[PDB]
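A, B, C, D, E, F, G, H and I label the chains in the order they appear, each numbered from 1.
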Amino acid sequence: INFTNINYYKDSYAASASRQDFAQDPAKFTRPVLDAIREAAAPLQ
Amino acid sequence: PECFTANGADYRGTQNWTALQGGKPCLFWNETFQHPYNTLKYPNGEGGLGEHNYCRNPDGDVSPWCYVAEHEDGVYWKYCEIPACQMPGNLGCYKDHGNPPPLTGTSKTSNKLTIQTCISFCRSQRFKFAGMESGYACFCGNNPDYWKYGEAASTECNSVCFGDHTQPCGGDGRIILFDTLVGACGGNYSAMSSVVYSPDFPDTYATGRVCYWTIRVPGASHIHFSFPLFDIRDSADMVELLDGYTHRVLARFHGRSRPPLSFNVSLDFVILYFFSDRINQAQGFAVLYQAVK
Amino acid sequence: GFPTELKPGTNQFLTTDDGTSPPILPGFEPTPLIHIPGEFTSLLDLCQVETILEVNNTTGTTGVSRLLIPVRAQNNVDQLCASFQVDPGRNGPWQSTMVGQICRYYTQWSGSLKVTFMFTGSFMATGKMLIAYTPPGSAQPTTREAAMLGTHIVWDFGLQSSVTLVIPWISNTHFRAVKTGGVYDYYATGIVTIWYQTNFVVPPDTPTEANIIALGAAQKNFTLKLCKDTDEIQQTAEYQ
Amino acid sequence: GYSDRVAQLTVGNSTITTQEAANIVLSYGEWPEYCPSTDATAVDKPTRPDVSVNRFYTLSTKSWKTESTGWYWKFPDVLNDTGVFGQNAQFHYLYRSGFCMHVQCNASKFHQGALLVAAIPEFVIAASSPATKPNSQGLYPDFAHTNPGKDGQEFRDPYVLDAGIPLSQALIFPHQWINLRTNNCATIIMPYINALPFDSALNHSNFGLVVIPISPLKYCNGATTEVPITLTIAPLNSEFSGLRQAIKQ
Amino acid sequence: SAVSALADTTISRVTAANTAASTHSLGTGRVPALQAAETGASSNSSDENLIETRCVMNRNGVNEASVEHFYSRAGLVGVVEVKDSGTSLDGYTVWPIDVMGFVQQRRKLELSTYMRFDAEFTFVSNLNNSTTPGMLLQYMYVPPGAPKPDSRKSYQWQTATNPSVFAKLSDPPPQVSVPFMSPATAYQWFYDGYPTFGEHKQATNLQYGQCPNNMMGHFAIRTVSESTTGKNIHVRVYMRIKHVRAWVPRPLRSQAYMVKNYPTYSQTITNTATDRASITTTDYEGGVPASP
Amino acid sequence: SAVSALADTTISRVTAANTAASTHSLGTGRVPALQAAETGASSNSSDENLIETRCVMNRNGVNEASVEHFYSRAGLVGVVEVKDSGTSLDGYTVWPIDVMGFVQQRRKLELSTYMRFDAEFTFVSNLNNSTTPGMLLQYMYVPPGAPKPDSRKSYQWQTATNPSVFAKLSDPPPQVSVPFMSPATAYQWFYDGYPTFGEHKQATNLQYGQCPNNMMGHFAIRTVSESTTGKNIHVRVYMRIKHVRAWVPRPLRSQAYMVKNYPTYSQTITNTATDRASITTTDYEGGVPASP
Amino acid sequence: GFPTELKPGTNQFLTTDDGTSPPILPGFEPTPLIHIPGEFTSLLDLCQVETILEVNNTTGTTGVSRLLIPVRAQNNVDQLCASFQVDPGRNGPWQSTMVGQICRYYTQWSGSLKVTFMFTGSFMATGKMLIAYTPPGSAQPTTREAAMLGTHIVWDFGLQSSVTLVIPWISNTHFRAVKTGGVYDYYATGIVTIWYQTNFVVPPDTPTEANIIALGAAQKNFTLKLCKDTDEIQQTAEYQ
Amino acid sequence: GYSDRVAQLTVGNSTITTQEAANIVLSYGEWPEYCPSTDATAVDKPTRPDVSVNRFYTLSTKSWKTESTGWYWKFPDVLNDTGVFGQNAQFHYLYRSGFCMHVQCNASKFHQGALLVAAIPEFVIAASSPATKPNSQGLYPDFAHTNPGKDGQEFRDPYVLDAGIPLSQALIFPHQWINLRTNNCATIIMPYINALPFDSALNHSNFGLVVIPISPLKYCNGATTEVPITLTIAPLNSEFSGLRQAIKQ
Amino acid sequence: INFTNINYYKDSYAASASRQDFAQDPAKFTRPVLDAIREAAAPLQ
């Protein structure tokens, strides 16, 4: 029985940390290329 | 008067203390090798530095400083509150508390503000006093009561001017007040002793200044002309002490004509002349006359 | 008055307590949130980006030269080009990597690593290298014959200039402590040695010494644990 | 499922042909876009001089030497005095634009070397100074180093990017290598990145454009010594608002 | 009702990537090992395609590496001494709000270029001897433009509009929630530009990198006193960054910082990696080999 | 149930006016720029009708400029010294309740002519050295007509009907909710009249502007003591105006106040605007012009 | 006793905390609320009311004369009548405005402004003025040719005696800080200059110098943020 | 969709014709109304002498000069000794009423000047005094300045409205300009504003009626020097309760 | 989950500030005139 993530103030920024939206999108840093290269393929053919 | 420059980069005045009362001692320059400014990196003079703990301004900071023993939280230097280092035209550092301002008059915020750009702004409106504050604010006024909020330590006005980071331009709630005669392109001087400066003195004198200062003490016998500062290193730019009634040259000073310690004149009416070429502008001069009745 | 009893932990300030606090500004609406490119929501996404391993962290080597693995034409066979430990948080080549610096903000790490070696010689420079990952328990292999008994890749220089050597997650524990040295060599990851499988062969009028650039990163199964304070920059006085 | 080595980049009246290209880095997977109505704050109608400003401007050619440290440009500053882009950047207070940075360095199959072409958002240039007072000039970079213009600025300490950050982690930024055995060009398409929808093209430089030799240019006697590095950049989706008198700096 | 929301409030475990079982591959045209790092893309090579892997149903939690968990930790952002003894009988101090004065918080923030966040500021105040006598303090937030106090009695402490916290030293640390206060969409730890137009030809060039979108005013602290208390109070400000939005990750700082508002490293550049004897020397002794 | 009410308790963002896209207008009879300020009406000219505007979906929150948010902030309304040392061995003080003694609260209130509000009064009491020793105080509200105490032991402190708060200095600041106490519908910061009939020919004329509808009695504070404590206690009263209803907005005061209950400015009138050199001089340097 | 744990912020008195407090008067019903004309519920409604800009804030000019922009018959063409910065919270002409005083109770402002110029000359006085708003980055225009490159209105004197110049919200940031000067000139709004488009032409026996009254206000998209304490009146002693 | 320059105001047996009128300011958008049963507190039946008191009373004519500072009246006080309104205001303790203030100032098309006609609720008149003790007479205005009667009172410091508030913000009050090139009259219809439903017409002055020259009256030699300013006001919805002996002040 | 705007006392004036009724009616101060003047129209015709 969990009783947390409760805001006691009318201002939304007084709430606790937003710790329920873990999203991992590494492609914008790891594969930031136009031509999607398959793993099994030689990249520069 | 021991300092005749805005930043104190003329002080050789034997004060080995951050403040005359309630301060810290200064570390000797011949012993501060842990730091950039010492007698090893500056062998021969080079900023009044030597074998002494005296406050100096070799780096062109806003006020004479000195290395202190690094103990508190890494503070290894402190500005020196030298009360005799006030520029002869510097009226002091005063507090600015609110809307009744120290100098009631016109204001100007300039991201290029210097001490002279503030004085020149106030002098162009016939204001006696020019007050720099926060490094960018310039206040003018004829108020004889600019001290209405009390004086302040000179170190409290050590914010760099936004146009010249070697000059003090007040601080948060602190206003540094100058007499707008400083750096004027001439003027009448009828007084016993006054330190007449080069045109636009805290800055470098402009190219093309032909200025005439009238120094007539009505009743004096001899005028003791001394030059505590003559950074006039050039050829065409010359400082002449023209006579009065006759308007005849009495002493011509330039680069290789540096003036004696006292070029006294027997005339009670002298005309300090200044010339400036179109190139090679220097820091200027700061003459000091003393009338002997 | 509603009956309450204060428990231990009352009045304490835990620096990692996700709790509420009164807002200083009633009715404050912040500046609208416009889209800014390049938002990262996970530090693991940063650890998967390949960054240059400082494999030439040797005395005398200065600047960008510390990022190059020198490869030259060998007069003998089965020689060692370079070696480096694959402990991400250990003082060594992995310090220069984003994974090796984000690892130091955590106590325990897990998952496969990845070192992409890029050959930066002439197009005419050909060669085959044996890049071997030696799992823990063994020192650096003294011969290529001993290194090829571990996880290795025989890299052939060619049109594709880069090879990837995955350091597989070969560990007894689910996590390895980022701290190394002493009894914490229990968490040693291993040693990666680069051997000359064949020579570095070049035609005439061609440079005989080239460079391999190592690019270390983390695999998709990489994971960090127990956020701590890094030991990379020290401070003796408040920055004024 | 591969990247074709041949590529043609046609923007405006400019066209760039490359026959040895690695790929095209789309910075952070985001194409340059015009400022949406939701993200905009300025009310004036922006000018979008599509083909007059969005085009490839070949700006600088730097001779790669064996001991070369690298070069960096600041994207708005490098085009602020060039073409109709510069005029719009001077006449308008507000500006936003992506770019298509194309670095070109060709060498024979007997040359070797590797450049790191990276586009660094908010590339604040550091000064390398001894321990000195905040009064010291060496603590802060002069304007020639912060805004190098179109000529760029030779790196003093490429190992720390002249920013105190390790060059080895500069690959966290949108980057591409020019490995002379592999490719002769590096293309980076960078969208407008800023905490503001528009910003002054004169005051603020959104991105730095670093070209650092990681593997030094080595060749044998008889090879062509002069191996140039050319920077051709193209604004993409350039908007300008706040028309006024043209301001240089 | 809304009891379903209170049920799904505990942090759920997001696990790492499972490893699939892989067999040997003997053929042509399939080269998952060969990459092209010039493309600027990290290698897409997987462990399954380079070695024979097993099936590992990975249950390692990746949830702690989030930007929220990495940043939602109260670190020291300011030490404000309320000097009221000796030569400094002020009893008040106006502190420029800057979070870049201490290395641990500064280096974590500079991982990102832009950060938009709310903060939980905590004030841990005490005397020099660590004691906390009941002494009323006033922590007034002075936003940019609000008049800064010039004494312990000045009118600005009336805080009719300024946020102010009155708390004795004996009280638990005052803690308040600060919103995202910035004219920009996000704070900017790196501002490649100048705040004002002009020539920027000064010998010092102090204005490079100074974005006023980050300058969020001052924290004015005073002892609520009528005269000098003879005691210096050390207020340590701790900022916990919550509701974090980070953009444009950057290399973590490698050189030691020298100043607060400028990247400025020594001429003695420290290598990111520690030096070793040779490129072929590793200091891992391992075990005794069976047959050398 | 009523859980729907607790859900819609956070402040919703009301945004500013969006700007519509506008094109050029070339015709006659349509003059949105030409106005007639003589009519006493502000200009109805919109940005779209004077320049070519874009579509700006404005998301700036206007919610903070409400009268509630502008006024619901505890400001200093009174400083009451409970003198119990030296020549004043009283141990008590009866303070006339007036919210016009301090400039910050007074100027905000005088923005409106009539204000009807409840208040949250807070008492921040301490000694001269800012310390708060456990010392029992009694804050008794003495409404108009109730007998005021004349000593620290007098019978009025029995507070059988008067509201009274007993709190030690060591306690957190006493805070109470005060209703709208006034015979009128609203308080009246400006009363153009006299409280009593008569001739009003006195040389001083102290009764002009004095509306007893605002005079809400006294705050009697005492140390609950049997003799002199030798310690002076400074009680700072902070009023947070809630449930605000403001009427007839007024010009904000420009001259410095001189007295509490009267508008009275010096003969040296201060200009609302600071003086500049000329009507054609602006101190904004801008950048270097491309071609002068 | 219900188990509770006191958190930081306990016992603090935040002056901007909208919380409950015990009522001193049980069962108090206040005086009934009758309708009073002129209720204002938003300070933005007050900022949209046009109030006189003190454009003639010059030395020597005293009293109501500081509210007049003098306009006279010019002997030369393309001359400057008056200029003023449009920073609402800056010490200058906007101090005399309700918008410029309510802005000072806030840290950041946003939205278009509005200056309605009213010509108070004779009916026989004719003239055309160019009122230009110069967006930031430029100093005050030195010529009308330079000023007409910005947002401007050519005002023709006539039966309608007033013109409105909207200062459009031309800003890089969503909000501008009310504080100006120093590095806060980053938030400069611009400069409004009044130029003689044509001359100020009058028939004989007619006054040759008239006055323009500037009336500054805020547009409908105006917005304030971060309530603070103004710096307009200072106090050194409790008003007794 | 415009305001007609011609206007006729018929109240009681009084009628006011204007041919150059800007508009009619309805103060705060509220017409004068009789006190509702919900807002009333006094139990006596009020007297509503509709046409005998609700009518235009031309009360004062002030000569506008070049150096004139302005004039102010207090609305109940200006009618307390005039007509049947004054008698009801004296015989009755309680009074409430709106008004239709009509200021008239006509001048030739060769005159110039601008008046600010504003109706200020609760116009507390300030005294201008040096720093003095609260005993000092100069700190508080005499009765001639607080209740000027029908003659009005010449402003001493119109820049601060003789109230410490800037005249420039007096436009926050229901106002109208008399710009001599535009209009010759200013009409303000003000409803009864008070924290009380009724109030004493003798003690309390609900509104001030300021007429301040912002642009000074300038003309050439030969023009009519005497340019008067006439104040015609009309009570609207006047109620009176609490009948007793007639009380003057 | 918001838990605020709760009155703990029988007197309604002990409640927190009424911060949920932002109303903007500037016409009573900006256009307090009888004849509504269109924006596009010349006011005094």
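Definition applied: a residue touches a chain if its C-beta (ideal position, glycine included) is under 8 Å from a C-beta of that chain, and two chains touch if they have at least 3 such contacts.
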{"item": "Graph separation of chain D and chain I (steps between touching chains)", "value": "2"}
{"item": "Which listed pair, C-D or D-G, duplicates the contacts of G-H in over half of its pairs", "value": "C-D"}
{"item": "Farthest chain relative to chain F (centres taken as mean CA coordinates)", "value": "C"}
{"item": "More contacts between chains, D-G or B-F", "value": "D-G"}
{"item": "Distance from chain H to chain B - Cα centre to Cα centre, in angstrom", "value": "61"}
{"item": "Interchain centroid distance [CA atoms averaged], chain A/chain C, Å", "value": "22"}
{"item": "Distance between chain centroids, defined by C-alpha means - chain C, chain E (Å)", "value": "23"}
{"item": "Centroid distance [mean C-alpha coordinates] between chain G and chain A, Å", "value": "44"}
{"item": "Set of chain H residues in contact with two or more other chains", "value": "3, 22-23, 25, 27-28, 30, 121, 134, 157, 159, 166, 168-172, 174, 177, 179, 182-183, 193, 195"}
{"item": "Sequence positions of chain A contacting 2 or more other chains", "value": "5-11, 13-17, 19, 21-22, 24, 28-30, 32-33, 37-38, 40-45"}
{"item": "Chain G: positions in contact with at least two other chains", "value": "6-23, 25, 28, 30, 32, 34, 36-38, 40-42, 44, 46, 48-50, 54, 59, 66, 91, 96, 98, 101, 105, 110, 112, 118, 136-138, 146, 151, 159-161, 168-169, 173-175, 185, 213, 215, 217, 221, 225-227, 229-235, 240"}
{"item": "Partner chain C, residues of chain B touching it in the complex", "value": "73-74"}
{"item": "Touching residues on chain F, where the partner in the complex is chain D", "value": "19, 21, 47, 51-57, 59, 286-291"}
{"item": "Chain H contact footprint on chain G (complex, rising order)", "value": "32, 34-38, 46, 49-54, 62-68, 96-98, 101, 118-125, 159, 161, 205-207, 209-211, 213, 215, 240"}
{"item": "Touch list for chain E against partner chain G, complex", "value": "122, 142-147, 155-156, 158-168, 171-176, 181, 183-185, 195-197, 207, 210, 212-213, 215, 217"}
{"item": "Partner chain F, residues of chain E touching it in the complex", "value": "1-2, 133-137, 155, 157-161, 166, 168, 171, 197-199, 223-227, 229"}
